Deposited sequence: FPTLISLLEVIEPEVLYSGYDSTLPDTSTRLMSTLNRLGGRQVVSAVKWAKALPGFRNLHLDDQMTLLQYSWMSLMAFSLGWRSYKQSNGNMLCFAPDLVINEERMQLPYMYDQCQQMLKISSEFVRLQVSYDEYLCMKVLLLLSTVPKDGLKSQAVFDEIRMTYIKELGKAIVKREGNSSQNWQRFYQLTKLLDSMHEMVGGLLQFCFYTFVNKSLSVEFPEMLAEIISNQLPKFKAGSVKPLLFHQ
């Protein structure tokens, strides 16, 4: 009887703390290793959030696993895009309150491009003047937005879970065609914006020279994900063609 929107509100994780010590010199290897460590933690937080998600637990495990594996990057980039929108109006990446990345430190090697792609997400929030509630329902739909070409085990429970959150975003729009059209195209563009961050992730993950550290959690997710993208057996759910 409390609305689904108010439940999403209370399972929303409190932002994690990085512990980045900008007392030492900034380097791109260090900063990337810190992002990934903060990332591995954010992801554990996002598993708890998914587990608390009305309906999510009703999928088979193979499905629950598939969905977090295929959307973790999308989840974290979407939240980062929000944090940057709220805390700095989309000007600077707010990775944590103790880690912001201004164009001083976009100027480090490797950083500019990947920080541009991330800011892009941020500026879409700025363009559309997204609400908090819009963001929350959209974020759930991100979790449900990439599936295997062979489909899921429990496709049935899945289709009805997506149905619920589609309605919920609908609600969120109105407690505030065209709007819904715009937001679902924003969802559609997350696959493209996120494919490129994934690609940079995979690059840093495999490149020996660069020595970027990943936590064991991520490393196993990324290691199992890299073959499936090689094969192109990963299917985006799109609202629009």
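Taking the first deposited residue as 1, the sole stretch without any C-alpha atom is 177 to 183.
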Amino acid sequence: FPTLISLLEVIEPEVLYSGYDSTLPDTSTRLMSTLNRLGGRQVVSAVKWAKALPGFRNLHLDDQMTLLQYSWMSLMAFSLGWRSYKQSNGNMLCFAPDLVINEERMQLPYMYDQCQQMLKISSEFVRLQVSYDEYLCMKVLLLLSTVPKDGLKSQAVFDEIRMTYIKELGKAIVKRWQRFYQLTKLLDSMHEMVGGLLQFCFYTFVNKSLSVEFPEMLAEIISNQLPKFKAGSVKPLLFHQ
From here on, numbers count along this sequence of modelled residues.
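Each form is matched to the other, and the largest set of C-alpha atoms that superpose within 1.5 Å is called the rigid core.
A fit on the rigid core, followed by a root mean square over CA positions in 6 other deposited structures of this protein, ranks 209 to 217 against 50 to 58 and picks 209 to 217 as the more shifted one. Taking 36 to 44 and 177 to 185 in turn, the stretch whose Cα atoms are more displaced from the shown form in 6 other deposited structures of this protein following rigid core superposition is 177 to 185. Averaged over CA atoms, B-factors in the entry run higher in 63 to 71 than in the other of 63 to 71 and 190 to 198. Judged by mean Cα B factor in the deposited record, 53 to 61 ranks above the other of 53 to 61 and 200 to 208.
The residue among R105, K167, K153, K149 whose C-alpha atom has the highest B-factor in the PDB entry is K149. For the set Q178, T184, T27, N36, the maximum C-alpha B-factor listed in the entry falls on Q178. For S79, the recorded CA temperature factor ranks within the lowest third of the chain's modelled residues.
Ranked by Cα temperature factor within the chain, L237 sits in the lowest third according to the deposited record. Per the PDB record, residue ranking by Cα B-factor puts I222 in the middle third of the chain.
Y132: CA B factor lies in the lowest third for its chain, per the PDB record. Ranked within its chain, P97 lands in the middle third, by CA B factor from the PDB record.
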